[PDB]
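Only one chain comes next, encoded as structure tokens, the form deposited in one PDB entry.
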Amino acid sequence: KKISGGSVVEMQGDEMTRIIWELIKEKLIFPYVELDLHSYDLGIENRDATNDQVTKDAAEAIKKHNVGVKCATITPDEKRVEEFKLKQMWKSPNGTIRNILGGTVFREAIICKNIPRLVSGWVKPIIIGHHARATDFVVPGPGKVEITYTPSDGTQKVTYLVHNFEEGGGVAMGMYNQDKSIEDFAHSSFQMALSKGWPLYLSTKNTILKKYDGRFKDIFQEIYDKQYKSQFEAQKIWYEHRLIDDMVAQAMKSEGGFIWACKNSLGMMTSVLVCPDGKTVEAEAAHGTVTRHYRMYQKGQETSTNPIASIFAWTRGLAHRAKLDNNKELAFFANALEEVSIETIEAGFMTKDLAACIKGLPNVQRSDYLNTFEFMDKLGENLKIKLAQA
């Protein structure tokens, strides 16, 4: 009997990623996991036919079901509009989903011992989270541009000069940040550091943008001391604020294995939308539809597409589903599939792009790699073995 995986929101995509995603479900997921699958077809032709309604329904389903796994999608431009005879230049599905869910996007790399890194020292992954609008206008000629704060109680009026335009003419803007979104960024970051079991670090440039960045420093520390310090110290983890330059320096000498909150190959990186509630998660590969490889596929040429980032979208999603449902069998599966993926590459079985990382593209010969299907087949074989050895 198969593992009962529960409720998962799955989104189908476009081009090469649409092919590999089906191979993942057919060869790696479905032979072992039964899911109450909420499928949405985010393929370009379907978004056009539904007037982008499928994207909104998918976003609402992730809100309801807490777990979303997304395949890469075509973000339309003038050329895509002509190519698919699009009714409109549809907004990116990623933006629509982000806007409906909110949360912080964390980008984590998949580390392989035989695959080179930017810094050889990096043995454990570095998870980077970026913060998650503005009033811009033209200054037609000379005169003063000021920004003013007036409290609701009306007991004060502070006025700061932005600039006194003298030779005159230019541009000016006003931008803000509410306390809640700084807190949401801290909560997502603290909950991310607990789940991964690694220390969290907040980087800032509060030397220049003193007051703006200083609020981020203060809100993080207050949230830590008031609801996180206990569990961090009780797991050998910690929270520490570092300045941009002191952070980039310490990370260059580090072994990795930390959460990096930022206030400002390729088939080996994932992107995870972590909502502040710690309940909802949306996982996806941090790469596109791989158009070039799709064109080769359409011309009958052999392709060697890296499916790792897409497999890790599934494993991260399933691992979160297992955490929410206290499902040990699913938790074991998600991790076993991650181990099989790493082990296969470390054993010398990989796609062209990875062989190119090691040897160098001009020194890569057919025997140095596996094609899309050969690679998927080797993963499926290795997963059967690892799972049979229960």
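Heads up, when I say rigid core I mean the largest set of C-alphas that superpose within 1.5 Å between the two forms. From 1 onward, residues are counted along the sequence shown. Shifts are known only where both forms have a C-alpha.
For at least a third of the other PDB entries compared, is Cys71 missing from the model even though its neighbours are present?
no, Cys71 modelled in all other entries.
Is it true that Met89 goes unbuilt in a third or more of the other compared entries of this protein?
Result for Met89: never missing in the compared entries.
Counting only residues of the deposited sequence, how many between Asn264 and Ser265 have no atoms in the entry (none, 1 to 3, 4 to 9, 10 or more)?
Per the record, 10 or more deposited residues are absent between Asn264 and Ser265.
What number of deposited residues lacks coordinates in the span between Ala132 and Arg133: none, 1 to 3, 4 to 9, or 10 or more?
Per the deposited record, the segment joining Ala132 and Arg133 lacks coordinates for 4 to 9 residues.
Averaging only over Cα atoms, indicate whether 109-117 or 221-229 has the higher B-factor in the PDB entry.
Mean CA B-factor is higher for 221-229.
Which has higher Cα B-factors on average according to the PDB entry: 285-293 or 197-205?
So the stretch with the higher mean C-alpha B-factor is 197-205.
With respect to the C-alpha temperature factors reported in the PDB entry, which of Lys299, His163, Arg316, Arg215 ranks highest?
Answer, based on the entry's C-alpha B-factors: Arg215.
Among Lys144, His320, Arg242, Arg80, which residue carries the highest C-alpha B-factor recorded in the PDB entry?
Across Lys144, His320, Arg242, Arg80, the entry lists the biggest C-alpha B-factor for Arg242.
Relative to the other modelled residues of the same chain, rank the CA B-factor of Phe312 and answer lowest, middle or highest third.
It belongs to the lowest third of the chain when residues are ordered by C-alpha B-factor.
Tell me, lowest, middle or highest third: where does the Cα B factor of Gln178 rank within its chain?
It falls in the middle third of the chain.
Going by the recorded CA B-factors, say which third of the chain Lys352 sits in, lowest, middle or highest.
Answer is middle: the recorded C-alpha B-factor places it there.
Ranking every modelled residue in this chain by its Cα temperature factor as given in the entry, which third contains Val69?
Ranked within chain, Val69 CA B lands in the lowest tercile.
Hey, what third does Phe84 fall into on Cα B-factor, ranked over its chain?
For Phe84, the deposited C-alpha B-factor lands in the middle third.
This protein has a second form, the form deposited in another entry, left out of what is shown; the following refers to that one.
Checking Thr159 here: with the core superposed, does its CA move 2 Å or more between this form and the one not shown?
It does shift by 2 Å or more.
Is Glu146 one of the residues whose C-alpha moves 2 Å or more between this form and the one not shown after the core fit?
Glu146 C-alpha, core-superposed: shift of 2 Å or more.
So with the core overlaid, does the Cα of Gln178 end up 2 Å or more away between this form and the one not shown?
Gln178: C-alpha displaced by 2 Å or more between this form and the one not shown.
Residues present in both forms only, core superposed, 2 Å C-alpha shift required: which runs of three or more differ between this form and the one not shown?
Moving region between this form and the one not shown: 133-180, nothing else.
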